[PDB]
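*Asks:* My structure file input-v7.pdb, PDB, C-alpha atoms and all ligand atoms, is below:
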ATOM      1  CA  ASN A  85      88.392 115.411 101.496
ATOM      2  CA  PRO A  86      90.696 112.657 100.252
ATOM      3  CA  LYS A  87      93.911 112.240 102.194
ATOM      4  CA  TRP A  88      96.550 109.580 102.590
ATOM      5  CA  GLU A  89      96.089 107.581 105.808
ATOM      6  CA  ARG A  90      99.803 106.732 105.754
ATOM      7  CA  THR A  91     102.784 109.058 106.241
ATOM      8  CA  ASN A  92     105.697 107.251 104.545
ATOM      9  CA  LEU A  93     104.740 107.266 100.849
ATOM     10  CA  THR A  94     106.717 105.878  97.937
ATOM     11  CA  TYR A  95     107.158 107.341  94.475
ATOM     12  CA  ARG A  96     108.619 106.150  91.160
ATOM     13  CA  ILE A  97     109.849 108.079  88.186
ATOM     14  CA  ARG A  98     108.681 105.727  85.425
ATOM     15  CA  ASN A  99     110.320 107.665  82.584
ATOM     16  CA  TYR A 100     112.292 110.822  81.824
ATOM     17  CA  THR A 101     112.368 113.867  79.534
ATOM     18  CA  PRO A 102     115.443 114.224  77.202
ATOM     19  CA  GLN A 103     115.574 117.973  77.947
ATOM     20  CA  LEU A 104     117.394 117.445  81.241
ATOM     21  CA  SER A 105     119.810 114.775  82.432
ATOM     22  CA  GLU A 106     118.381 112.015  84.608
ATOM     23  CA  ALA A 107     120.100 113.426  87.696
ATOM     24  CA  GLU A 108     118.478 116.817  87.049
ATOM     25  CA  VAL A 109     114.976 115.282  86.614
ATOM     26  CA  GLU A 110     115.455 113.222  89.789
ATOM     27  CA  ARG A 111     116.715 116.293  91.744
ATOM     28  CA  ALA A 112     113.757 118.426  90.669
ATOM     29  CA  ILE A 113     111.400 115.690  91.871
ATOM     30  CA  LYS A 114     113.361 115.101  95.121
ATOM     31  CA  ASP A 115     113.367 118.779  96.178
ATOM     32  CA  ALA A 116     109.698 119.166  95.147
ATOM     33  CA  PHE A 117     108.743 116.439  97.621
ATOM     34  CA  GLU A 118     111.041 117.938 100.352
ATOM     35  CA  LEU A 119     109.034 121.171 100.233
ATOM     36  CA  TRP A 120     105.896 119.436 101.472
ATOM     37  CA  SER A 121     107.873 117.161 103.733
ATOM     38  CA  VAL A 122     109.206 120.048 105.857
ATOM     39  CA  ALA A 123     105.700 121.387 106.598
ATOM     40  CA  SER A 124     103.944 118.062 107.266
ATOM     41  CA  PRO A 125     104.417 114.592 108.785
ATOM     42  CA  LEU A 126     104.831 112.985 105.319
ATOM     43  CA  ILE A 127     108.077 111.127 104.424
ATOM     44  CA  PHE A 128     108.728 110.225 100.744
ATOM     45  CA  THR A 129     110.786 107.249  99.629
ATOM     46  CA  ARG A 130     111.962 106.670  96.066
ATOM     47  CA  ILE A 131     111.645 103.150  94.574
ATOM     48  CA  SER A 132     113.223 102.265  91.203
ATOM     49  CA  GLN A 133     110.773  99.633  90.075
ATOM     50  CA  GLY A 134     107.675  98.226  91.660
ATOM     51  CA  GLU A 135     104.313  99.645  92.568
ATOM     52  CA  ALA A 136     104.880 102.984  94.281
ATOM     53  CA  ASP A 137     102.041 105.082  95.736
ATOM     54  CA  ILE A 138     102.786 107.934  93.373
ATOM     55  CA  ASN A 139     103.931 107.321  89.846
ATOM     56  CA  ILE A 140     105.644 110.162  87.986
ATOM     57  CA  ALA A 141     105.722 110.130  84.176
ATOM     58  CA  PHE A 142     106.200 112.245  81.061
ATOM     59  CA  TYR A 143     103.411 111.503  78.530
ATOM     60  CA  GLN A 144     102.114 112.927  75.249
ATOM     61  CA  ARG A 145      98.553 113.727  74.076
ATOM     62  CA  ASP A 146      96.426 110.647  74.715
ATOM     63  CA  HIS A 147      97.907 108.434  77.472
ATOM     64  CA  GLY A 148      95.180 106.147  78.708
ATOM     65  CA  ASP A 149      93.584 108.158  81.513
ATOM     66  CA  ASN A 150      90.883 110.165  79.742
ATOM     67  CA  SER A 151      92.568 113.571  80.214
ATOM     68  CA  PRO A 152      94.935 113.985  77.246
ATOM     69  CA  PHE A 153      97.726 116.526  77.068
ATOM     70  CA  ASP A 154      97.469 119.322  74.448
ATOM     71  CA  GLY A 155     100.917 119.845  72.970
ATOM     72  CA  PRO A 156     103.390 122.727  73.710
ATOM     73  CA  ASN A 157     102.224 125.243  76.365
ATOM     74  CA  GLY A 158      98.612 125.245  77.546
ATOM     75  CA  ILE A 159      98.147 122.436  80.025
ATOM     76  CA  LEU A 160     101.532 121.549  81.564
ATOM     77  CA  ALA A 161     100.755 118.613  83.833
ATOM     78  CA  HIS A 162      98.155 117.040  86.039
ATOM     79  CA  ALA A 163      97.877 114.950  89.181
ATOM     80  CA  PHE A 164      95.269 112.809  90.875
ATOM     81  CA  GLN A 165      94.038 113.113  94.449
ATOM     82  CA  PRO A 166      95.115 110.595  97.170
ATOM     83  CA  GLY A 167      93.664 107.114  96.602
ATOM     84  CA  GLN A 168      94.364 103.667  95.110
ATOM     85  CA  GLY A 169      95.876 103.073  91.698
ATOM     86  CA  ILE A 170      95.865 106.215  89.537
ATOM     87  CA  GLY A 171      95.219 108.091  92.812
ATOM     88  CA  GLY A 172      98.121 110.310  93.780
ATOM     89  CA  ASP A 173      99.908 109.860  90.408
ATOM     90  CA  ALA A 174     101.415 112.746  88.442
ATOM     91  CA  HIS A 175     101.839 113.244  84.676
ATOM     92  CA  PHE A 176     103.864 115.881  82.894
ATOM     93  CA  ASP A 177     103.329 116.898  79.297
ATOM     94  CA  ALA A 178     106.318 115.445  77.385
ATOM     95  CA  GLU A 179     105.700 118.080  74.706
ATOM     96  CA  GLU A 180     106.926 120.912  76.928
ATOM     97  CA  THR A 181     110.284 122.532  77.221
ATOM     98  CA  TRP A 182     111.297 121.390  80.726
ATOM     99  CA  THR A 183     114.049 123.398  82.351
ATOM    100  CA  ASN A 184     116.320 123.862  85.323
ATOM    101  CA  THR A 185     116.218 127.637  84.875
ATOM    102  CA  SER A 186     114.109 130.771  84.730
ATOM    103  CA  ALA A 187     113.086 129.784  81.182
ATOM    104  CA  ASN A 188     109.543 128.298  80.743
ATOM    105  CA  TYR A 189     108.874 125.799  82.211
ATOM    106  CA  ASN A 190     110.720 124.997  85.478
ATOM    107  CA  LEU A 191     110.178 121.290  86.266
ATOM    108  CA  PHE A 192     110.707 121.792  90.044
ATOM    109  CA  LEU A 193     107.969 124.463  90.349
ATOM    110  CA  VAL A 194     105.476 122.499  88.204
ATOM    111  CA  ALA A 195     106.357 119.284  90.098
ATOM    112  CA  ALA A 196     105.928 121.009  93.468
ATOM    113  CA  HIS A 197     102.503 122.210  92.316
ATOM    114  CA  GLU A 198     101.375 118.767  91.102
ATOM    115  CA  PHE A 199     102.523 117.060  94.322
ATOM    116  CA  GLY A 200     100.238 119.407  96.248
ATOM    117  CA  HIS A 201      97.318 117.837  94.341
ATOM    118  CA  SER A 202      98.799 114.336  94.843
ATOM    119  CA  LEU A 203      98.672 115.081  98.588
ATOM    120  CA  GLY A 204      95.109 116.377  98.548
ATOM    121  CA  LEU A 205      95.243 120.143  98.077
ATOM    122  CA  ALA A 206      93.068 122.082  95.644
ATOM    123  CA  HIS A 207      93.877 125.338  93.832
ATOM    124  CA  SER A 208      94.395 128.492  95.888
ATOM    125  CA  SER A 209      93.041 131.928  94.907
ATOM    126  CA  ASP A 210      96.052 133.621  96.570
ATOM    127  CA  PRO A 211      98.360 134.741  93.669
ATOM    128  CA  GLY A 212     101.448 134.159  95.831
ATOM    129  CA  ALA A 213     100.522 130.578  96.653
ATOM    130  CA  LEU A 214     102.118 127.593  94.842
ATOM    131  CA  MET A 215      98.650 126.098  94.490
ATOM    132  CA  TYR A 216      97.552 129.112  92.425
ATOM    133  CA  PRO A 217      96.150 127.786  89.044
ATOM    134  CA  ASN A 218      98.571 129.492  86.599
ATOM    135  CA  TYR A 219     102.349 129.056  86.330
ATOM    136  CA  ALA A 220     104.783 131.783  87.435
ATOM    137  CA  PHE A 221     108.529 131.486  87.938
ATOM    138  CA  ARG A 222     110.022 132.395  91.312
ATOM    139  CA  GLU A 223     113.571 131.874  92.513
ATOM    140  CA  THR A 224     114.175 128.194  93.205
ATOM    141  CA  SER A 225     117.526 128.210  94.970
ATOM    142  CA  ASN A 226     116.593 128.127  98.651
ATOM    143  CA  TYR A 227     112.894 127.967  97.647
ATOM    144  CA  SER A 228     110.438 127.630 100.484
ATOM    145  CA  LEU A 229     106.728 126.870 100.654
ATOM    146  CA  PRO A 230     104.512 130.006 100.631
ATOM    147  CA  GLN A 231     102.430 130.492 103.811
ATOM    148  CA  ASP A 232      99.096 129.800 102.100
ATOM    149  CA  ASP A 233     100.316 126.304 101.104
ATOM    150  CA  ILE A 234     101.643 125.532 104.584
ATOM    151  CA  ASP A 235      98.184 126.462 105.908
ATOM    152  CA  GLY A 236      96.772 124.110 103.253
ATOM    153  CA  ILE A 237      98.748 120.916 104.115
ATOM    154  CA  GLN A 238      98.553 121.563 107.847
ATOM    155  CA  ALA A 239      94.762 121.791 107.539
ATOM    156  CA  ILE A 240      94.787 118.324 105.986
ATOM    157  CA  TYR A 241      97.391 116.418 107.993
ATOM    158  CA  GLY A 242      99.476 118.302 110.548
TER     159      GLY A 242
HETATM  160  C1  LIG B 301      94.573 120.374  83.789
HETATM  161  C2  LIG B 301      94.330 121.192  85.043
HETATM  162  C3  LIG B 301      94.342 120.281  86.252
HETATM  163  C4  LIG B 301      95.370 122.323  85.166
HETATM  164  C5  LIG B 301      96.850 121.971  85.420
HETATM  165  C6  LIG B 301      97.157 121.833  86.929
HETATM  166  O1  LIG B 301      96.725 122.627  87.788
HETATM  167  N1  LIG B 301      98.124 120.983  87.211
HETATM  168  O2  LIG B 301      97.870 120.648  88.542
HETATM  169  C7  LIG B 301      97.767 122.882  84.599
HETATM  170  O3  LIG B 301      98.406 122.436  83.641
HETATM  171  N2  LIG B 301      97.854 124.148  84.987
HETATM  172  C8  LIG B 301      98.723 125.074  84.282
HETATM  173  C9  LIG B 301      98.016 126.415  84.063
HETATM  174  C10 LIG B 301      98.734 127.299  83.063
HETATM  175  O4  LIG B 301      98.633 127.035  81.846
HETATM  176  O5  LIG B 301      99.398 128.260  83.499
HETATM  177  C11 LIG B 301     100.022 125.265  85.074
HETATM  178  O6  LIG B 301     100.809 126.176  84.794
HETATM  179  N3  LIG B 301     100.238 124.406  86.069
HETATM  180  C12 LIG B 301     101.422 124.415  86.922
HETATM  181  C13 LIG B 301     101.752 125.469  87.947
HETATM  182  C14 LIG B 301     100.752 126.288  88.481
HETATM  183  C15 LIG B 301     101.045 127.248  89.463
HETATM  184  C16 LIG B 301     102.361 127.392  89.919
HETATM  185  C17 LIG B 301     103.370 126.574  89.384
HETATM  186  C18 LIG B 301     103.067 125.625  88.409
HETATM  187 CA    CA B 302     100.793 121.330  77.021
HETATM  188 CA    CA B 303      98.863 105.846  92.840
HETATM  189 ZN    ZN B 304      97.417 111.825  82.670
HETATM  190 ZN    ZN B 305      96.924 122.565  89.650
END
As structure tokens, please, write out the structure in this file.

*Replies:*
Amino acid sequence: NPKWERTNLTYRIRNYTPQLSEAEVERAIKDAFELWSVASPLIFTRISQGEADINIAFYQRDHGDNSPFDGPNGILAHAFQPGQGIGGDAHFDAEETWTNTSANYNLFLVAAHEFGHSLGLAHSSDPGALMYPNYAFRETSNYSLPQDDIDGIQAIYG
């Protein structure tokens, strides 16, 4: 079971999507990390350049990691489990319609999901869990981590 042996982790948004403003992209990512932060001992710090533990980027089709995106819809994003280098990093399919709304696909929800993987969780079979394999929109204002996911991170760290 890979896990980070450190609690203050850094992240870097290497690039953006034109769909949303840069403040909106940064807010989606910030709040997505807060979710896990309030149920665990992890603290996330944003760096603007440099080698962060978790890199966040928007890429298209082939992007040098042997797991290419597939265009609009289908696979939305992917993350790597805790570890060195590529470990912990998260990529979003630049070919998607990324939103701030109920319209497909909400960057905050997808981000929150990916970060679970970046922290070491696997997919849940509970349809109400964030770590459930398929995307579903849920209200995001005042969003809080479903109980199955809390169980999940707590079982890893504490
Ligand atoms: C390539 C594998 C790793 C699948 C990938 C994934 O789980 N990202 O971690 C993914 O793109 N899953 C899609 C599945 C789909 O087409 O619906 C998804 O919606 N991921 C994001 C998601 C899942 C559950 C809740 C919120 C967001
Ligand atoms: Ca896709
Ligand atoms: Ca990394
Ligand atoms: Zn990738
Ligand atoms: Zn997933």

*Asks:* Here is a test: counting only C-alpha atoms, which residue of A:242, A:173, A:202, A:191 is nearest to residue 221 (chain A)?

*Replies:*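 Checking each candidate against residue 221 (chain A), we get A:191 as the closest.
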
*Asks:* Report as a short mmCIF file (atom, residue, chain, number, x, y, z; two decimals) with C-alpha atoms, keeping the file's coordinate frame all protein, DNA and RNA residues lying within 6 Å of residue 207 (chain A), evaluated on only C-alpha atoms, omitting residues in the same chain fewer than 5 positions from it.

*Replies:*
data_model
loop_
_atom_site.label_atom_id
_atom_site.label_comp_id
_atom_site.auth_asym_id
_atom_site.auth_seq_id
_atom_site.Cartn_x
_atom_site.Cartn_y
_atom_site.Cartn_z
CA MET A 215 98.65 126.10 94.49
CA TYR A 216 97.55 129.11 92.42
CA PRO A 217 96.15 127.79 89.04
#

*Asks:* Check which residues fall inside 6 Å of ligand LIG 301 (chain B) when counting only C-alpha atoms and all ligand atoms, and print them as a PyMOL selection string.

*Replies:* chain A and resi 158-163+193-194+197-198+214-220

*Asks:* I need the residue nearest ligand ZN 305 (chain B) from this list: A:175, A:87, A:98, A:114. Use all atoms listed in the file for the distance.

*Replies:*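 Among the listed residues, the smallest separation from ligand ZN 305 (chain B) belongs to A:175.
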
*Asks:* Counting only C-alpha atoms, which residue out of A:136, A:195, A:97, A:104 sits closest to residue 182 (chain A)?

*Replies:*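 Among the listed residues, A:104 lies closest to residue 182 (chain A).
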
*Asks:* Return the single residue from A:105, A:209, A:181, A:129 that is closest to residue 92 (chain A), with distances computed using all atoms listed in the file.

*Replies:*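 Closest candidate: A:129.
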
*Asks:* When you count all atoms listed in the file, which of these residues is closest to ligand CA 303 (chain B): A:125, A:148, A:167, A:134?

*Replies:*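 Comparing A:125, A:148, A:167, A:134 against ligand CA 303 (chain B), the winner is A:167.
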
*Asks:* Enumerate, in order of chain and increasing residue number, the residues of chain A with an atom no farther than 10 Å from ligand CA 303 (chain B), each with its shortest atom pair and distance in Å to one decimal, counting all atoms listed in the file, as JSON lines.

*Replies:*
{"residue": "A:94", "atom": "CA", "partner": "B:CA303", "partner_atom": "CA", "distance": 9.4}
{"residue": "A:95", "atom": "CA", "partner": "B:CA303", "partner_atom": "CA", "distance": 8.6}
{"residue": "A:96", "atom": "CA", "partner": "B:CA303", "partner_atom": "CA", "distance": 9.9}
{"residue": "A:135", "atom": "CA", "partner": "B:CA303", "partner_atom": "CA", "distance": 8.3}
{"residue": "A:136", "atom": "CA", "partner": "B:CA303", "partner_atom": "CA", "distance": 6.8}
{"residue": "A:137", "atom": "CA", "partner": "B:CA303", "partner_atom": "CA", "distance": 4.4}
{"residue": "A:138", "atom": "CA", "partner": "B:CA303", "partner_atom": "CA", "distance": 4.5}
{"residue": "A:139", "atom": "CA", "partner": "B:CA303", "partner_atom": "CA", "distance": 6.1}
{"residue": "A:140", "atom": "CA", "partner": "B:CA303", "partner_atom": "CA", "distance": 9.4}
{"residue": "A:163", "atom": "CA", "partner": "B:CA303", "partner_atom": "CA", "distance": 9.9}
{"residue": "A:164", "atom": "CA", "partner": "B:CA303", "partner_atom": "CA", "distance": 8.1}
{"residue": "A:165", "atom": "CA", "partner": "B:CA303", "partner_atom": "CA", "distance": 8.9}
{"residue": "A:166", "atom": "CA", "partner": "B:CA303", "partner_atom": "CA", "distance": 7.4}
{"residue": "A:167", "atom": "CA", "partner": "B:CA303", "partner_atom": "CA", "distance": 6.5}
{"residue": "A:168", "atom": "CA", "partner": "B:CA303", "partner_atom": "CA", "distance": 5.5}
{"residue": "A:169", "atom": "CA", "partner": "B:CA303", "partner_atom": "CA", "distance": 4.2}
{"residue": "A:170", "atom": "CA", "partner": "B:CA303", "partner_atom": "CA", "distance": 4.5}
{"residue": "A:171", "atom": "CA", "partner": "B:CA303", "partner_atom": "CA", "distance": 4.3}
{"residue": "A:172", "atom": "CA", "partner": "B:CA303", "partner_atom": "CA", "distance": 4.6}
{"residue": "A:173", "atom": "CA", "partner": "B:CA303", "partner_atom": "CA", "distance": 4.8}
{"residue": "A:174", "atom": "CA", "partner": "B:CA303", "partner_atom": "CA", "distance": 8.6}
{"residue": "A:202", "atom": "CA", "partner": "B:CA303", "partner_atom": "CA", "distance": 8.7}

*Asks:* For ligand CA 302 (chain B), which of A:236, A:102, A:152, A:230 is the closest residue, counting all atoms listed in the file?

*Replies:*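 Using all atoms listed in the file, ligand CA 302 (chain B) sits closest to A:152.
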
*Asks:* Name the residues captured by the PyMOL selection byres (((not hetatm)) within 9 of (chain B and resi 302)) when it is applied to the shown file; answer as a VMD selection string.

*Replies:* chain A and resid 144 to 145 153 to 161 176 to 180
